[PDB]
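Working notes for the structure below.
All of this is worked out from the model, or read from it or from the source named; these are not laboratory values. Quick reminder, even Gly has a Cβ in these numbers, built from the backbone with ideal geometry, and neighbours come from all protein chains shown.
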Amino acid sequence: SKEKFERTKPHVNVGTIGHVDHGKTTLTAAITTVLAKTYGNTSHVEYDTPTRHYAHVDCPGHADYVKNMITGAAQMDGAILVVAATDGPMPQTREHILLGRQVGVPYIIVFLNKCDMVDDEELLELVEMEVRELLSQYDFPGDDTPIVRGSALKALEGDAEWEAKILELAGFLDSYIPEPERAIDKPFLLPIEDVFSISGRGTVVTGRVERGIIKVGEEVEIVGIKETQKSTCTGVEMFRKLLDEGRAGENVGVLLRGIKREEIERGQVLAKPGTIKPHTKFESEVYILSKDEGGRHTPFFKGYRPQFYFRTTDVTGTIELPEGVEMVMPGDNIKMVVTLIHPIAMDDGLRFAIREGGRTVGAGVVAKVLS
RNA sequence: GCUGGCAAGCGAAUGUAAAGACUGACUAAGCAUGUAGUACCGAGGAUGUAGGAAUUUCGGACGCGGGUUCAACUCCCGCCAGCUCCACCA
Ligand SMILES: C/C=C\C=C\[C@@H]1O[C@](O)([C@H](CC)C(=O)NC/C=C\C=C(/C)[C@@H](OC)[C@@H](C)[C@@H]2O[C@H](/C=C/C=C/C=C(\C)C(=O)c3c(O)cc[nH]c3=O)[C@H](O)[C@@H]2O)[C@H](O)[C@H](O)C1(C)C
Ligand SMILES: Nc1nc2c(ncn2[C@@H]2O[C@H](COP(=O)(O)OP(=O)(O)O)[C@@H](O)[C@H]2O)c(=O)[nH]1
C-alpha cells in the first residue's frame, strides 16, 4: 500500500497446477528470482516481464483442493504443467489437465523438471513425446506449443546456463500468451474468492474483476448467499500497491467499508447497484453426452443432487425436467429447471459446471431465471 | 294379394305361404374385381398362455444422490447439519 502501480504492460494471469511434490513452488520462486535479477494454498506472486506484467498463481495440486483450484484455473489465463521428466505422466497430472480443459484454459505450457537428474539424451525425449501424445489425445494443442525442459531448483543455484534457459522460458511464455481480451463494457462486477481483515484498514475482498471498472470512492452492492446489501469502496489496491482504477481480468483486492468477516463469505459478487438480482431457481439446457464425457453410465432418474459450480463457488441443487422425458439417462441435451438453496446473482448465458462424486457429469448454460 | 275352371254362401266345407339357383351393372343409385355374405354383435361360442381378486414376495426408509458388499440401514465418494484444529493481513 506504498507503491503507486502503473497500468503498463497489461496484466496477464499465469497459473502453475503441475504435479504434486514435483517442484511447482520451487519453479515459480526461481522464475520470480531470475526475472527480478535480470530485470531489476494459492500463492499469488507477481513479476513484470518486458513484454507484459504477469501474476503467477501456484495452485495446490492436491485432489482434495480441487474446489478452490477450479476458481484458481478460471482465474488463470495461462497454465503451466509442472512435471518431473523421470516419472512422466501421472494420474494427478491427467486429472489436472482434465480439470483445466473442463474450466476452459486455452494456453498451456509443459515444463520438465529433473533434466540433470537423468544422464541420458533419450529418456527426456521419450517423456516429452509421451506428454505431447497425451495432450494431443486429450483435446489439447500439439506441435505449436513451447515445451520447456530444465531444472527447477538449480535455477536458484549459482549458474548461467539454467538462468538463460529459464529466461528463454519466460520469453516464450509471454510470446505464446498474447494480449488477452478484457470485458470492460458492462457495469462493474467482481466475484469474491478470499477475505482478509486489515487491522486499522478494514475488510478487503479479493478476486478477478469479471467486468467493468472500479474507481476509488464508488458505491457497489454485495449480492450473494442469503444477503443483498450495499457498501462503499475506499482504496482500490492490487498486490499491496496503490491503484486508481481497477480494470477487468486481473486479480485485485477491493477494500469494503462496513464489512463483517463472518457476515461476508466466499461466493458473493460486488456489482454495480441495480444490475443483477440473486435467484434460487432457473432454467438451463444441459450438454451431457452418452458415456465418454464425464457423465455416468447407468440411466439414473429424477431427484439427482449434484454440485453446481459457478464462477466463485458451488452448491447442491435439484433438477426437474418437463414432460416427455421419463428418464434422465446420460445423453441429456434437453433443457430443465435447476433449483439451488443458496441464491447467487446470475445472468443469462452463464456457464456452470455439474459435478458429483468428485467427477464432472456435464455442462449447463443458463437460459432463463425463475427467482 | 286382385284374377284364374267351377261346384259353396257372398258372410260358406274353409286354404298348400317354397323362396333357393340363375343372366348381368358390382365398387348396393358414375366409378376397382360378386351369387351368398369378408360385415355387426352382446349374451351366441371359444382365449384362460396374463393381467386384475387372494397367494410367495421384487418395489420402500434412518440425509439425500448415485459408480459400491446386495446382506446397506454408515461395503466406496461429493455435499450438507454440529465439534475441533489451523492455513487466512490488498
Ligand atoms: C470443472 C468444473 C468447473 C468449471 C467451471 C465452469 O466451467 C464451465 O461452466 C464449463 C462450460 C464449458 C463446464 O461446465 N465445464 C465442466 C463440465 C463439463 C465438461 C466439459 C466442458 C466437456 O464438454 C462436455 C469438455 C471436457 C469437452 O470435451 C471435449 C473432449 C473430450 C475430452 C476428454 C475427456 C473426457 C471428458 C472423458 O470423459 C475421458 C475420455 O473420453 C477418455 C479418457 N478419459 C476421460 O476422462 C472437449 O475437450 C471439451 O472441452 C465454464 O468453463 C465456466 O467458465 C466455468 C469455469 C465457471
Ligand atoms: N533433483 C531435482 N529436484 C527437483 C527439481 N525440481 C524440483 N525438485 C524437487 O522438488 C521439491 C520442491 O517441491 P514443491 O514445489 O514444494 O512441491 P509442489 O508444490 O507440490 O510441486 C524440492 O525439494 C526439489 O528437491 C529438479 O529439476 N531436480
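Under 7 Å by Cβ, and 6 or more places apart or on different chains, what pairs join a residue from the range A:1-22 that is assigned by CATH to the domain that holds A:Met117 and within 16 Å of ligand 2 (Cβ to nearest atom) with one that is charged (D, E, K, R) and part of a loop (DSSP other than H, G, I, E, B)?
Going by the 7 Å Cβ cut-off, the qualifying pairs are A:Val14/A:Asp77.
Return a yes/no flag: does the range A:154-177 have any residue that is part of a loop (DSSP other than H, G, I, E, B) and under 26 Å from the mean Cα position of the chain (by Cα).
Yes, there is a match, as at least one residue in the range A:154-177 is part of a loop (DSSP other than H, G, I, E, B) and under 26 Å from the mean Cα position of the chain (by Cα).
Consider the range A:220-230. How many of its residues are buried (at least 18 other Cβ atoms within 10 Å of the Cβ) and more than 25 Å from the chain's Cα centre (by Cα)?
So the count comes out to 0.
Go through the residues of the range A:288-298 one by one and say whether even a single one is more than 13 Å from ligand 1 (Cβ to nearest atom) and in a loop (DSSP other than H, G, I, E, B).
Within the range A:288-298, one or more residues are more than 13 Å from ligand 1 (Cβ to nearest atom) and in a loop (DSSP other than H, G, I, E, B).
Quick one: in the range A:345-371, of everything that is touching a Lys or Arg at 6+ places or on another chain (Cβ under 9 Å) and within 14 Å of RNA strand B (Cβ to nearest atom), which residue is farthest from A:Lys67 (Cα to Cα)?
That would be A:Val361.
Would you tally the residues in the range A:309-341 being hydrophobic (A, V, I, L, M, F, W, C) and in a strand (DSSP E or B)?
Number satisfying all stated conditions: 6.
Could you pull out the residue among A:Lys291, A:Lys302, A:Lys277, A:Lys281 that is basic (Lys, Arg), under 22 Å from A:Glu193 (Cβ atoms) and more than 16 Å from ligand 2 (Cβ to nearest atom)?
Step by step, each of A:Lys291, A:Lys302, A:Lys277, A:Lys281 is checked, and only A:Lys277 is basic (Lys, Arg), under 22 Å from A:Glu193 (Cβ atoms) and more than 16 Å from ligand 2 (Cβ to nearest atom).
Inspect the range A:156-165 for any residue being of a type in the set (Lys, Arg), over 14 Å from A:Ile80 (Cα atoms) and more than 16 Å from ligand 1 (Cβ to nearest atom) and give the result as yes or no.
There is at least one residue in the range A:156-165 that is of a type in the set (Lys, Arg), over 14 Å from A:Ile80 (Cα atoms) and more than 16 Å from ligand 1 (Cβ to nearest atom).
Search the range A:51-72 for residues that are closer than 15 Å to A:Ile97 by Cα and more than 11 Å from ligand 2 (Cβ to nearest atom) and pair each with any residue that is assigned to a strand (DSSP E or B) and of a type in the set (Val, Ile, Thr) when their beta-carbon atoms are under 8 Å apart and the residues are at least 6 apart or on different chains.
Listed by first residue and then by second, the contacts come to A:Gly72/A:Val57.
Listed residues A:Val110, A:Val148; which is in contact with a helix residue (DSSP H, G or I) (Cβ under 6 Å, 6 or more places away or on another chain), within 12 Å of ligand 2 (Cβ to nearest atom) and either hydrophobic (A, V, I, L, M, F, W, C) or at negative phi (or both)?
Result: A:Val148 is the single residue among A:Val110, A:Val148 that is in contact with a helix residue (DSSP H, G or I) (Cβ under 6 Å, 6 or more places away or on another chain), within 12 Å of ligand 2 (Cβ to nearest atom) and either hydrophobic (A, V, I, L, M, F, W, C) or at negative phi (or both).
Taking the criterion of being surrounded by 15 or more Cβ atoms within 10 Å (Cβ to Cβ), touching a helix residue (DSSP H, G or I) at 6+ places or on another chain (Cβ under 6 Å) and over 30 Å from A:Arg266 (Cα atoms), would at least one residue in the range A:127-143 satisfy it?
no
Please give the number of the condition A:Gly207 fails out of (1) part of a loop (DSSP other than H, G, I, E, B); (2) within 16 Å of ligand 1 (Cβ to nearest atom); (3) within 22 Å of the chain's Cα centre (by Cα).
Unmet condition: (1).
For the range A:1-116, which fully contained strands (runs of 3 or more DSSP E) count at least 1 residues that are among the charged types (D, E, K, R)?
Those strands (runs of 3 or more DSSP E) span A:43-48, A:53-58.
Could you list, ordered by first residue, the pairs with Cβ atoms under 6 Å in which the first is in the range A:285-307 and surrounded by 15 or more Cβ atoms within 10 Å (Cβ to Cβ) and the second is of a type in the set (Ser, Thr, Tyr) and outside any loop (DSSP other than H, G, I, E, B), at least 6 apart or interchain?
A:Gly294/A:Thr360; A:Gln307/A:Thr316
This table checks each residue for (1) away from ligand 1 (no atom under 16 Å from the Cβ); (2) in the same structural domain as A:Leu126 (by CATH); (3) within 26 Å of A:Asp120 (Cα to Cα).
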{"position": "A:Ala36", "(1), (2), (3)": "yes, yes, no"}
{"position": "A:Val57", "(1), (2), (3)": "no, yes, no"}
{"position": "A:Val66", "(1), (2), (3)": "no, yes, no"}
{"position": "A:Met69", "(1), (2), (3)": "no, yes, no"}
{"position": "A:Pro89", "(1), (2), (3)": "no, yes, yes"}
{"position": "A:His96", "(1), (2), (3)": "no, yes, no"}
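So which of A:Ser199, A:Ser231 is polar (S, T, N, Q), closer than 24 Å to A:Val45 by Cα and more than 16 Å from ligand 1 (Cβ to nearest atom)?
Checking each option against the conditions leaves just A:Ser199.
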